[PDB]
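Peer 1: First the structure, which I've put down as structure tokens, then a few questions once you've had a look.
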Amino acid sequence: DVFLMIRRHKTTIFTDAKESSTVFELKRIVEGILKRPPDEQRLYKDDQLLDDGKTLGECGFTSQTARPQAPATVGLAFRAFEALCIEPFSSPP
Amino acid sequence: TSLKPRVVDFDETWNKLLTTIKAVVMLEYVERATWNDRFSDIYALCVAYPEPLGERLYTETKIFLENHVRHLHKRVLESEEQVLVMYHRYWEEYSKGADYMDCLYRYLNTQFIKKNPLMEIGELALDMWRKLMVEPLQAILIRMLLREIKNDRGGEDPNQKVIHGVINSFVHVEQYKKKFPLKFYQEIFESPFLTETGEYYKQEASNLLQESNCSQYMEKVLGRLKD
Amino acid sequence: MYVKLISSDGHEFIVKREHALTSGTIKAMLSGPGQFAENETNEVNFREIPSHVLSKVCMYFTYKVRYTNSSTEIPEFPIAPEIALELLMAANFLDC
Amino acid sequence: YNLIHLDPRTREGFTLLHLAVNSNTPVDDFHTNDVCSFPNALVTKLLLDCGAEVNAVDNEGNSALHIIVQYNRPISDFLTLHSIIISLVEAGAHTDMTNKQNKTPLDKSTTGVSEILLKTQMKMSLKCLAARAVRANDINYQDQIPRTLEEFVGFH
Amino acid sequence: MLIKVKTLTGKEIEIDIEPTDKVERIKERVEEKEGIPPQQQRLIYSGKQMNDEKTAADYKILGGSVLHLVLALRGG
């Protein structure tokens, strides 16, 4: 039901899920593509932090804003806790 | 840079593209970064400012393919007795290479070939394979294919992979002609093989008429049919 | 599986293979020589195109996957006016 | 095929395809209109089997798709309206092209059946929406995009 | 309420659904006597196509009529 892009630093992973889906499923998804243990990354609502017990659709990630044409920019930060470092896109004309 | 048209000289980029594609058509190893950058190279050349050299690149690719297939034809001619193994081995290097080249020239077909009377690279690479490798070197191929399958019929078990590839390397040539794609294989191999099989079983049945009576004739014919 | 894309200035992008094969030149890029024995990254280098247009084309991929062959209202895809010129050239490069 | 490759166009810019898809084309009354009815899908299909340029434009800027949707009888002869359209989009009929008068074929429908048939035959593409956005906002594309992209912009 | 909806060759469709029924299940029986699966035929009610439930009373509650359905694929 939700369509959001996982933006961490250099990489940006586009993903679809459901409101009933939980944060733990997103962590499992990002583990198999980025190879980081779940305690090493923390998901961000803009700059607000989240947890794992809450579902994906619980923390303001609704279908009317996480549409595929305008996906939500959820931020991640990998440990080595490192801060949320996301560089901006290249300058449009 | 970018997708904006620019003025670029065709010579050295075409030579480097030749270096890539010669390894491409020989089933060699190329770099993925090299392979991916060749997409951008073909795109930039096809809309190179101010004159699209897609016609020029098309002609140069035709020249390269003709030269390569003619050199391979000359090489196969040297293996006069074992050209079936040579043709089968070099076809495998070429057919997958032909499809890889077809995918490589995807922008050329979508923008230039179909939007301007012209033949796409994948069809043309097969077309260069028939008019310069198959049709000229045809009589020896068909006669020794008939000889090999006759040997298989009698007592031998030759290389099934080689014959199967070469025979399918006829239908695989005309896969791009929607109207009667089987037409080339319908006559080049089919009719002489039809006649040879008919004559061989005619003489076989003539032999078995007196070899055994009408009782064992049924079992022998069933066995020959099953084989 | 998931595919990977190199932008002009860093800016890695990871898309599902079925979501990315809709575009033309990506399909041939995945159809290059080599069997890709790893089958988890198979990255492609888009040196020419910028990063924002890559994000926009990934958004288009997601929209096309979601709204394919549907009888719904087909909502308008938002196009930034500045990126529209670059996105048109990208769609010229990225077939369909 | 020879006649098509001798690029026949009328005074309205109509090709043989344009008149084939046109209902307004007169048919001779003397022992002819009893058989030949226009628009006829099969001959148009035969035009597609003969490689007729489906993306041609007339003096009005309309293509064959722009004219076939203007048929005012989708009830009396639905098939002659439907089988042509699927035959129309069979070799590169661009459903999102826009005429000189700046009208989408879906806009020039005046028939729910015709527009829903076009939508079922319509398929989305990023180039279509990008060109429509560029043209709707009037960004200078001349001497900055490939010439085929300029032709596509002119199509939109 | 019998149905006499035409098809690509002017065939017959037996919806056998009253005007109070929904076209989501009315078109299921119409294509059952035709051959198409229910969620595949884009039935056109002589100017409009069904969507969601699409109660048959909305389409003027016509009795039988000539519903020229669209046989487009991949609609499921």
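Identifiers for the structure tokens are assigned positionally: chains receive A, B, ... in sequence, residues are indexed from 1 per chain, and ligands are indexed from 1 in the order shown.
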Applying 8 Å and only C-alpha atoms, which residues near residue 65 (chain B) remain after dropping the ones on its own chain fewer than 3 positions away? List them as a ChimeraX atom specification.
Peer 2: /B:61-62,68-69,125,128
Peer 1: Now that the selection is made, can you save its residues with N, CA, C and O atoms as a PDB file, in the first residue's frame?
Peer 2:
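Wrote again_13.pdb, looks like this:
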ATOM      1  N   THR B  61      29.667  -0.795 -39.453  1.00  0.00           N
ATOM      2  CA  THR B  61      29.343  -2.072 -38.829  1.00  0.00           C
ATOM      3  C   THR B  61      29.120  -3.149 -39.879  1.00  0.00           C
ATOM      4  O   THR B  61      29.525  -4.302 -39.693  1.00  0.00           O
ATOM      5  N   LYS B  62      28.474  -2.790 -40.993  1.00  0.00           N
ATOM      6  CA  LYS B  62      28.317  -3.732 -42.096  1.00  0.00           C
ATOM      7  C   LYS B  62      29.669  -4.176 -42.635  1.00  0.00           C
ATOM      8  O   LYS B  62      29.886  -5.368 -42.883  1.00  0.00           O
ATOM      9  N   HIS B  68      34.684  -9.793 -40.953  1.00  0.00           N
ATOM     10  CA  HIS B  68      34.837 -10.826 -39.936  1.00  0.00           C
ATOM     11  C   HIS B  68      34.268 -12.159 -40.406  1.00  0.00           C
ATOM     12  O   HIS B  68      34.911 -13.206 -40.248  1.00  0.00           O
ATOM     13  N   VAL B  69      33.072 -12.142 -40.998  1.00  0.00           N
ATOM     14  CA  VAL B  69      32.465 -13.389 -41.441  1.00  0.00           C
ATOM     15  C   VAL B  69      33.217 -13.963 -42.634  1.00  0.00           C
ATOM     16  O   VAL B  69      33.306 -15.185 -42.782  1.00  0.00           O
ATOM     17  N   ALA B 125      23.360  -9.284 -38.947  1.00  0.00           N
ATOM     18  CA  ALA B 125      24.438 -10.192 -38.570  1.00  0.00           C
ATOM     19  C   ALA B 125      24.133 -11.613 -39.020  1.00  0.00           C
ATOM     20  O   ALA B 125      25.019 -12.322 -39.510  1.00  0.00           O
ATOM     21  N   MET B 128      24.474 -11.415 -42.788  1.00  0.00           N
ATOM     22  CA  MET B 128      25.875 -11.565 -43.159  1.00  0.00           C
ATOM     23  C   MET B 128      26.352 -12.996 -42.964  1.00  0.00           C
ATOM     24  O   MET B 128      27.293 -13.434 -43.637  1.00  0.00           O
TER      25      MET B 128
END
Peer 1: I'd like the neighbourhood of region 31-47 of chain E as an MDAnalysis selection string, where a residue qualifies if any of its atoms comes within 10 Å (using only C-alpha atoms), though same-chain residues fewer than 2 positions away should be ignored.
Peer 2: (chainID C and resid 71) or (chainID D and resid 74:75 78 111:117 120) or (chainID E and resid 5 7 11:15 23:29 49:51 56 59:60 62 65:76)
Peer 1: What does the file look like for those residues with N, CA and C atoms, as a short mmCIF file (atom, residue, chain, number, x, y, z; two decimals), in the first residue's frame?
Peer 2:
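Done, and the output landed in result_35.cif:
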data_model
loop_
_atom_site.label_atom_id
_atom_site.label_comp_id
_atom_site.auth_asym_id
_atom_site.auth_seq_id
_atom_site.Cartn_x
_atom_site.Cartn_y
_atom_site.Cartn_z
N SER C 71 -7.42 -0.19 -15.22
CA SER C 71 -8.57 0.60 -15.65
C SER C 71 -8.86 1.75 -14.70
N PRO D 74 -20.80 4.15 -33.29
CA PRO D 74 -20.18 3.02 -32.59
C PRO D 74 -21.15 1.91 -32.23
N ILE D 75 -22.44 2.09 -32.47
CA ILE D 75 -23.46 1.09 -32.17
C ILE D 75 -23.81 0.26 -33.40
N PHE D 78 -19.88 -1.54 -34.58
CA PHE D 78 -18.82 -1.41 -33.58
C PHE D 78 -17.53 -2.07 -34.06
N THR D 111 -17.15 9.93 -27.98
CA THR D 111 -17.75 8.60 -27.89
C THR D 111 -17.04 7.85 -26.77
N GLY D 112 -17.82 7.38 -25.78
CA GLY D 112 -17.22 6.64 -24.68
C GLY D 112 -16.57 5.34 -25.13
N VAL D 113 -17.21 4.65 -26.09
CA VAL D 113 -16.66 3.39 -26.59
C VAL D 113 -15.32 3.64 -27.28
N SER D 114 -15.24 4.68 -28.11
CA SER D 114 -14.00 4.97 -28.83
C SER D 114 -12.87 5.32 -27.87
N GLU D 115 -13.14 6.16 -26.88
CA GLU D 115 -12.08 6.57 -25.96
C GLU D 115 -11.67 5.42 -25.05
N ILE D 116 -12.61 4.57 -24.64
CA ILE D 116 -12.23 3.44 -23.81
C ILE D 116 -11.45 2.41 -24.62
N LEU D 117 -11.77 2.26 -25.92
CA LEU D 117 -10.96 1.40 -26.78
C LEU D 117 -9.55 1.95 -26.93
N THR D 120 -7.67 1.27 -23.68
CA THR D 120 -7.25 -0.12 -23.61
C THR D 120 -6.06 -0.38 -24.53
N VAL E 5 -26.67 -9.66 -25.30
CA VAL E 5 -25.54 -8.80 -25.62
C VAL E 5 -24.77 -9.40 -26.79
N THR E 7 -21.41 -9.62 -29.50
CA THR E 7 -19.99 -9.85 -29.28
C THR E 7 -19.26 -9.48 -30.57
N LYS E 11 -22.44 -12.58 -31.23
CA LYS E 11 -22.83 -13.77 -30.49
C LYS E 11 -23.79 -13.39 -29.37
N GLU E 12 -24.09 -14.35 -28.50
CA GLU E 12 -25.03 -14.14 -27.40
C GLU E 12 -24.33 -14.31 -26.07
N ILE E 13 -24.76 -13.51 -25.09
CA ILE E 13 -24.25 -13.57 -23.73
C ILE E 13 -25.44 -13.70 -22.78
N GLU E 14 -25.39 -14.70 -21.90
CA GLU E 14 -26.50 -14.97 -20.98
C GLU E 14 -26.11 -14.49 -19.59
N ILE E 15 -26.32 -13.20 -19.34
CA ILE E 15 -26.07 -12.64 -18.02
C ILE E 15 -27.12 -13.13 -17.03
N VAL E 23 -22.78 -5.33 -12.07
CA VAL E 23 -22.15 -5.82 -13.30
C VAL E 23 -20.86 -6.56 -12.97
N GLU E 24 -20.39 -6.44 -11.73
CA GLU E 24 -19.23 -7.23 -11.30
C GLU E 24 -19.55 -8.71 -11.31
N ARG E 25 -20.80 -9.07 -11.00
CA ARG E 25 -21.26 -10.45 -11.08
C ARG E 25 -22.22 -10.69 -12.23
N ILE E 26 -22.82 -9.64 -12.80
CA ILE E 26 -23.71 -9.81 -13.94
C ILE E 26 -22.92 -10.21 -15.18
N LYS E 27 -21.78 -9.55 -15.42
CA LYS E 27 -20.94 -9.89 -16.56
C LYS E 27 -20.25 -11.24 -16.39
N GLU E 28 -20.22 -11.78 -15.16
CA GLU E 28 -19.64 -13.10 -14.94
C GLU E 28 -20.43 -14.18 -15.67
N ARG E 29 -21.76 -14.12 -15.59
CA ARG E 29 -22.58 -15.11 -16.28
C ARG E 29 -22.68 -14.82 -17.77
N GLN E 49 -18.48 1.91 -19.56
CA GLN E 49 -17.94 0.62 -19.14
C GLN E 49 -18.14 0.44 -17.65
N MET E 50 -18.34 -0.81 -17.24
CA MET E 50 -18.58 -1.12 -15.83
C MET E 50 -17.30 -0.97 -15.01
N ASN E 51 -17.47 -0.66 -13.73
CA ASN E 51 -16.36 -0.52 -12.81
C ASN E 51 -16.85 -0.77 -11.39
N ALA E 56 -26.53 -2.57 -12.18
CA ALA E 56 -27.11 -2.51 -13.52
C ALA E 56 -28.20 -1.46 -13.65
N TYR E 59 -27.09 1.79 -15.62
CA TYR E 59 -27.08 1.79 -17.08
C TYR E 59 -28.49 1.74 -17.65
N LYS E 60 -29.34 2.66 -17.20
CA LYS E 60 -30.70 2.86 -17.69
C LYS E 60 -31.62 1.66 -17.46
N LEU E 62 -31.60 -1.24 -18.78
CA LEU E 62 -32.03 -1.80 -20.06
C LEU E 62 -32.20 -3.31 -19.95
N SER E 65 -30.78 -5.65 -24.31
CA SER E 65 -30.11 -4.67 -25.16
C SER E 65 -29.00 -5.30 -25.99
N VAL E 66 -28.06 -4.47 -26.45
CA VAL E 66 -26.90 -4.93 -27.21
C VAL E 66 -25.67 -4.33 -26.53
N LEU E 67 -25.11 -5.06 -25.57
CA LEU E 67 -23.92 -4.61 -24.85
C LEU E 67 -22.69 -5.12 -25.58
N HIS E 68 -22.03 -4.23 -26.31
CA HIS E 68 -20.85 -4.60 -27.10
C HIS E 68 -19.64 -4.61 -26.18
N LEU E 69 -19.36 -5.76 -25.60
CA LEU E 69 -18.24 -5.91 -24.67
C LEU E 69 -16.91 -5.80 -25.41
N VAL E 70 -15.89 -5.35 -24.68
CA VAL E 70 -14.53 -5.28 -25.19
C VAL E 70 -13.77 -6.50 -24.70
N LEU E 71 -13.09 -7.18 -25.62
CA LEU E 71 -12.40 -8.43 -25.32
C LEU E 71 -10.92 -8.23 -25.00
N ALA E 72 -10.57 -7.09 -24.40
CA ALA E 72 -9.18 -6.81 -24.07
C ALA E 72 -8.67 -7.79 -23.02
N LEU E 73 -7.40 -8.16 -23.14
CA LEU E 73 -6.79 -9.13 -22.24
C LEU E 73 -6.13 -8.40 -21.07
N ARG E 74 -5.44 -9.17 -20.22
CA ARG E 74 -4.62 -8.68 -19.09
C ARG E 74 -5.38 -7.74 -18.16
N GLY E 75 -6.71 -7.77 -18.19
CA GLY E 75 -7.51 -6.93 -17.32
C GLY E 75 -7.72 -7.45 -15.92
N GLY E 76 -7.37 -8.70 -15.66
CA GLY E 76 -7.54 -9.28 -14.34
C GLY E 76 -6.51 -8.80 -13.34
#
Peer 1: Using only C-alpha atoms, find the residues of chain D whose closest atom to chain B is at most 12 Å away, then write them as a CSV table (one decimal) with C-alpha atoms, in the first residue's frame.
Peer 2:
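Final file, result-v3.csv:
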chain,number,residue,atom,x,y,z
D,5,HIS,CA,6.1,3.8,-51.3
D,49,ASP,CA,0.2,-5.5,-43.9
D,51,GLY,CA,3.6,-1.1,-44.4
D,53,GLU,CA,2.9,4.8,-42.5
D,55,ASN,CA,2.1,8.0,-38.1
D,91,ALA,CA,3.3,-1.3,-36.2
D,92,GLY,CA,4.0,1.9,-34.3
D,141,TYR,CA,14.6,22.5,-26.9
D,142,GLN,CA,16.0,23.7,-30.2
D,143,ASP,CA,19.7,23.0,-30.8
D,144,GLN,CA,19.8,21.3,-27.3
D,145,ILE,CA,18.1,17.9,-27.9
D,146,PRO,CA,18.5,15.3,-30.6
D,147,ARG,CA,16.6,16.0,-33.8
D,148,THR,CA,14.4,12.9,-33.4
D,149,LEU,CA,13.5,14.2,-29.9
D,150,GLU,CA,12.5,17.5,-31.6
D,151,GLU,CA,10.3,15.5,-34.0
D,152,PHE,CA,8.8,13.7,-31.0
Peer 1: Restrict the distance test to only C-alpha atoms, flag each residue of chain C within 9 Å of chain B, and return the flagged residues as a VMD selection string.
Peer 2: chain C and resid 8 24 to 25 27 to 29 31 to 34 42 to 50 86 89 to 90 92 to 95
Peer 1: I need the chosen residues saved as a short mmCIF file (atom, residue, chain, number, x, y, z; two decimals), in the first residue's frame, with N, CA and C atoms.
Peer 2:
data_model
loop_
_atom_site.label_atom_id
_atom_site.label_comp_id
_atom_site.auth_asym_id
_atom_site.auth_seq_id
_atom_site.Cartn_x
_atom_site.Cartn_y
_atom_site.Cartn_z
N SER C 8 26.20 9.80 -12.25
CA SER C 8 27.36 10.59 -12.66
C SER C 8 28.26 10.92 -11.48
N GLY C 24 14.25 0.18 -21.82
CA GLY C 24 14.91 -0.57 -22.87
C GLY C 24 16.39 -0.81 -22.69
N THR C 25 17.18 0.27 -22.61
CA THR C 25 18.63 0.12 -22.55
C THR C 25 19.10 -0.58 -21.28
N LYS C 27 17.53 -3.20 -20.06
CA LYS C 27 17.35 -4.61 -20.39
C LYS C 27 18.54 -5.16 -21.16
N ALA C 28 19.02 -4.42 -22.16
CA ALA C 28 20.20 -4.85 -22.90
C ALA C 28 21.44 -4.77 -22.03
N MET C 29 21.50 -3.79 -21.13
CA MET C 29 22.63 -3.69 -20.21
C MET C 29 22.70 -4.91 -19.30
N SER C 31 21.56 -7.69 -20.35
CA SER C 31 21.71 -8.77 -21.31
C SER C 31 23.09 -8.77 -21.97
N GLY C 32 24.09 -8.18 -21.32
CA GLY C 32 25.42 -8.13 -21.87
C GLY C 32 26.16 -9.43 -21.70
N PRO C 33 27.38 -9.47 -22.23
CA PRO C 33 28.22 -10.66 -22.09
C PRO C 33 28.55 -10.93 -20.63
N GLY C 34 28.71 -12.21 -20.31
CA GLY C 34 28.93 -12.62 -18.93
C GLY C 34 27.65 -13.06 -18.27
N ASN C 42 25.06 -6.62 -10.26
CA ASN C 42 25.06 -6.38 -11.71
C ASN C 42 24.91 -4.90 -12.06
N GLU C 43 25.78 -4.06 -11.49
CA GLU C 43 25.65 -2.62 -11.61
C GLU C 43 25.88 -2.14 -13.04
N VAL C 44 25.32 -0.98 -13.35
CA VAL C 44 25.47 -0.33 -14.65
C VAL C 44 25.90 1.11 -14.42
N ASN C 45 26.77 1.61 -15.31
CA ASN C 45 27.37 2.93 -15.17
C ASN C 45 26.67 3.91 -16.10
N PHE C 46 25.92 4.85 -15.51
CA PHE C 46 25.32 5.95 -16.26
C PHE C 46 26.15 7.20 -16.03
N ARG C 47 27.26 7.30 -16.77
CA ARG C 47 28.18 8.42 -16.59
C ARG C 47 27.56 9.73 -17.04
N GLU C 48 26.85 9.72 -18.18
CA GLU C 48 26.37 10.97 -18.76
C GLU C 48 25.23 11.59 -17.95
N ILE C 49 24.24 10.80 -17.56
CA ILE C 49 23.02 11.35 -16.98
C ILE C 49 23.27 11.79 -15.54
N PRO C 50 22.61 12.85 -15.07
CA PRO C 50 22.75 13.26 -13.66
C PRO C 50 22.02 12.33 -12.70
N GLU C 86 15.72 17.29 -19.15
CA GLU C 86 16.66 16.20 -18.95
C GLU C 86 15.96 14.85 -18.96
N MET C 89 15.31 13.64 -22.55
CA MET C 89 16.51 13.05 -23.14
C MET C 89 16.82 11.69 -22.51
N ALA C 90 16.55 11.54 -21.21
CA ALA C 90 16.76 10.25 -20.56
C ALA C 90 15.83 9.19 -21.14
N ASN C 92 14.60 9.27 -24.04
CA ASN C 92 15.19 8.97 -25.34
C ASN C 92 16.29 7.92 -25.20
N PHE C 93 17.14 8.07 -24.18
CA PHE C 93 18.18 7.08 -23.93
C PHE C 93 17.60 5.81 -23.30
N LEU C 94 16.69 5.97 -22.35
CA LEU C 94 16.06 4.84 -21.66
C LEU C 94 14.78 4.50 -22.41
N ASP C 95 14.88 3.54 -23.33
CA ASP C 95 13.77 3.21 -24.21
C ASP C 95 12.55 2.76 -23.41
#
Peer 1: Residue 144 (chain B): which residues within 12 Å, counting only C-alpha atoms, same-chain residues fewer than 5 positions away excluded, as a VMD selection string?
Peer 2: chain B and resid 80 to 85 137 to 139 149 to 151 163 166 189 192 to 193
Peer 1: I need the chain C residues near chain A as a list in words; criterion: at most 8 Å, counting only C-alpha atoms.
Peer 2: residues 2, 9, 10, 11, 12, 13, 14, 15, 40, 50, 51, 52, 58, 59, 60, 62, 63, 66, 77, 78, 82 and 83 of chain C
Peer 1: Using only C-alpha atoms, pick whichever of B:74, B:22, B:89, B:153 has the shortest atom-to-atom distance to residue 225 (chain B).
Peer 2: B:153
Peer 1: Rounded to one decimal place, report the CA of residue 141 (chain B)-CA of residue 122 (chain B) distance in Å.
Peer 2: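 Pair CA of residue 141 (chain B) / CA of residue 122 (chain B) returns 23.7 Å.
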Peer 1: Rounded to one decimal, what separation in Å do you get between CA of residue 191 (chain B) and CA of residue 147 (chain B)?
Peer 2: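 For CA of residue 191 (chain B) relative to CA of residue 147 (chain B), the distance reads 14.8 Å.
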Peer 1: Would you kindly return, as a list in words, each protein, DNA or RNA residue with an atom no farther than 9 Å from any atom of region 19-21 of chain A, considering only C-alpha atoms and excluding same-chain residues fewer than 6 positions away?
Peer 2: residues 1, 2, 55, 56, 57, 58, 61, 62 and 63 of chain A
Peer 1: Could you find all residues in chain A that DSSP calls alpha helix (DSSP H) from the backbone, and write them as JSON, numbers by chain?
Peer 2: {"A": [23, 24, 25, 26, 27, 28, 29, 30, 31, 32, 33, 34]}
Peer 1: Residues of chain D within 10 Å of chain C, using only C-alpha atoms, as a ChimeraX atom specification?
Peer 2: /D:116,119-141,144-146,148-149,152-153
Peer 1: Emit the selected residues as a short mmCIF file (atom, residue, chain, number, x, y, z; two decimals), in the first residue's frame, including N, CA, C and O atoms.
Peer 2:
data_model
loop_
_atom_site.label_atom_id
_atom_site.label_comp_id
_atom_site.auth_asym_id
_atom_site.auth_seq_id
_atom_site.Cartn_x
_atom_site.Cartn_y
_atom_site.Cartn_z
N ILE D 116 -12.61 4.57 -24.64
CA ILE D 116 -12.23 3.44 -23.81
C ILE D 116 -11.45 2.41 -24.62
O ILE D 116 -10.52 1.77 -24.10
N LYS D 119 -7.98 3.87 -24.75
CA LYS D 119 -7.30 3.68 -23.47
C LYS D 119 -6.84 2.24 -23.28
O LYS D 119 -5.74 2.00 -22.77
N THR D 120 -7.67 1.27 -23.68
CA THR D 120 -7.25 -0.12 -23.61
C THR D 120 -6.06 -0.38 -24.53
O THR D 120 -5.15 -1.13 -24.18
N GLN D 121 -6.06 0.24 -25.71
CA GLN D 121 -4.92 0.13 -26.61
C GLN D 121 -3.78 1.08 -26.23
O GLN D 121 -2.66 0.90 -26.73
N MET D 122 -4.03 2.06 -25.38
CA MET D 122 -2.97 2.98 -24.97
C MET D 122 -2.00 2.30 -24.02
O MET D 122 -2.39 1.50 -23.17
N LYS D 123 -0.72 2.64 -24.17
CA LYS D 123 0.32 2.18 -23.26
C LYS D 123 1.21 3.36 -22.90
O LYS D 123 1.60 4.13 -23.78
N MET D 124 1.51 3.50 -21.61
CA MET D 124 2.26 4.65 -21.13
C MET D 124 3.73 4.54 -21.50
O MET D 124 4.27 3.45 -21.70
N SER D 125 4.38 5.70 -21.59
CA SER D 125 5.80 5.79 -21.84
C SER D 125 6.33 7.07 -21.21
O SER D 125 5.63 8.09 -21.21
N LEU D 126 7.54 7.00 -20.67
CA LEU D 126 8.13 8.18 -20.03
C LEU D 126 8.36 9.30 -21.02
O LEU D 126 8.22 10.48 -20.67
N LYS D 127 8.73 8.96 -22.26
CA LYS D 127 8.99 9.99 -23.27
C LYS D 127 7.74 10.80 -23.56
O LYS D 127 7.82 12.02 -23.75
N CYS D 128 6.58 10.15 -23.57
CA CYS D 128 5.32 10.85 -23.84
C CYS D 128 5.05 11.92 -22.80
O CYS D 128 4.82 13.09 -23.13
N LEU D 129 5.09 11.53 -21.52
CA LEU D 129 4.80 12.47 -20.45
C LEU D 129 5.87 13.55 -20.35
O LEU D 129 5.55 14.72 -20.09
N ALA D 130 7.13 13.19 -20.57
CA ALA D 130 8.20 14.17 -20.52
C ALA D 130 8.06 15.21 -21.63
O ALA D 130 8.21 16.41 -21.39
N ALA D 131 7.76 14.76 -22.85
CA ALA D 131 7.56 15.70 -23.95
C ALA D 131 6.33 16.57 -23.73
O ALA D 131 6.35 17.76 -24.04
N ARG D 132 5.26 15.99 -23.19
CA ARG D 132 4.07 16.77 -22.90
C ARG D 132 4.35 17.83 -21.84
O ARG D 132 3.87 18.97 -21.95
N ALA D 133 5.13 17.48 -20.82
CA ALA D 133 5.50 18.45 -19.79
C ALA D 133 6.39 19.55 -20.36
O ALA D 133 6.23 20.73 -20.01
N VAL D 134 7.33 19.19 -21.23
CA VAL D 134 8.22 20.20 -21.82
C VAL D 134 7.43 21.15 -22.70
O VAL D 134 7.60 22.38 -22.64
N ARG D 135 6.54 20.62 -23.54
CA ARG D 135 5.76 21.46 -24.44
C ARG D 135 4.75 22.31 -23.68
O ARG D 135 4.50 23.46 -24.07
N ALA D 136 4.15 21.78 -22.62
CA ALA D 136 3.20 22.55 -21.83
C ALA D 136 3.86 23.68 -21.06
O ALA D 136 3.18 24.65 -20.72
N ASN D 137 5.16 23.57 -20.78
CA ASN D 137 5.88 24.61 -20.06
C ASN D 137 6.80 25.44 -20.95
O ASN D 137 7.37 26.42 -20.47
N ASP D 138 6.95 25.06 -22.23
CA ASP D 138 7.66 25.85 -23.24
C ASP D 138 9.11 26.11 -22.84
O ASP D 138 9.54 27.25 -22.63
N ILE D 139 9.87 25.02 -22.75
CA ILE D 139 11.31 25.09 -22.56
C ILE D 139 11.97 25.06 -23.93
O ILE D 139 11.57 24.27 -24.80
N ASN D 140 12.96 25.92 -24.14
CA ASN D 140 13.71 25.93 -25.39
C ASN D 140 14.45 24.61 -25.58
O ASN D 140 15.40 24.31 -24.85
N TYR D 141 14.01 23.82 -26.55
CA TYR D 141 14.63 22.54 -26.86
C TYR D 141 15.43 22.56 -28.15
O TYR D 141 16.18 21.61 -28.41
N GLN D 144 19.39 21.84 -28.64
CA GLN D 144 19.77 21.30 -27.34
C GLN D 144 19.40 19.84 -27.15
O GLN D 144 19.93 19.20 -26.24
N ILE D 145 18.51 19.29 -27.97
CA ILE D 145 18.09 17.90 -27.87
C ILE D 145 18.30 17.26 -29.23
O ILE D 145 18.41 17.97 -30.25
N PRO D 146 18.39 15.93 -29.30
CA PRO D 146 18.50 15.27 -30.60
C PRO D 146 17.32 15.58 -31.50
O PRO D 146 16.20 15.83 -31.03
N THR D 148 15.56 13.78 -33.55
CA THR D 148 14.42 12.88 -33.37
C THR D 148 13.61 13.23 -32.13
O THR D 148 12.38 13.08 -32.15
N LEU D 149 14.26 13.72 -31.08
CA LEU D 149 13.51 14.20 -29.92
C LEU D 149 12.73 15.47 -30.25
O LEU D 149 11.64 15.66 -29.72
N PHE D 152 9.71 14.21 -31.96
CA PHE D 152 8.77 13.69 -30.97
C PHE D 152 8.06 14.82 -30.23
O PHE D 152 6.88 14.70 -29.89
N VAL D 153 8.78 15.90 -29.94
CA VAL D 153 8.17 17.07 -29.32
C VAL D 153 7.10 17.65 -30.23
O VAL D 153 6.00 18.01 -29.79
#
Peer 1: Could you list, as a short mmCIF file (atom, residue, chain, number, x, y, z; two decimals) with C-alpha atoms, in the first residue's frame, every residue within 12 Å of residue 39 (chain A), counting only C-alpha atoms and ignoring same-chain residues fewer than 6 positions away?
Peer 2:
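Ended up saving to around32.cif:
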data_model
loop_
_atom_site.label_atom_id
_atom_site.label_comp_id
_atom_site.auth_asym_id
_atom_site.auth_seq_id
_atom_site.Cartn_x
_atom_site.Cartn_y
_atom_site.Cartn_z
CA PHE A 24 11.48 -5.23 10.89
CA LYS A 27 15.33 -3.95 8.09
CA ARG A 28 15.41 -7.48 6.67
CA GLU A 31 20.10 -6.20 5.21
CA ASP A 51 11.79 1.84 16.29
CA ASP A 52 11.21 -1.74 15.15
CA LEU A 76 19.17 5.56 7.11
CA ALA A 77 22.55 5.69 8.84
CA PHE A 78 25.01 2.79 9.01
CA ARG A 79 27.17 2.24 12.08
CA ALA A 80 30.88 1.45 12.11
CA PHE A 81 25.99 5.45 16.02
CA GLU A 82 26.73 7.48 12.90
#
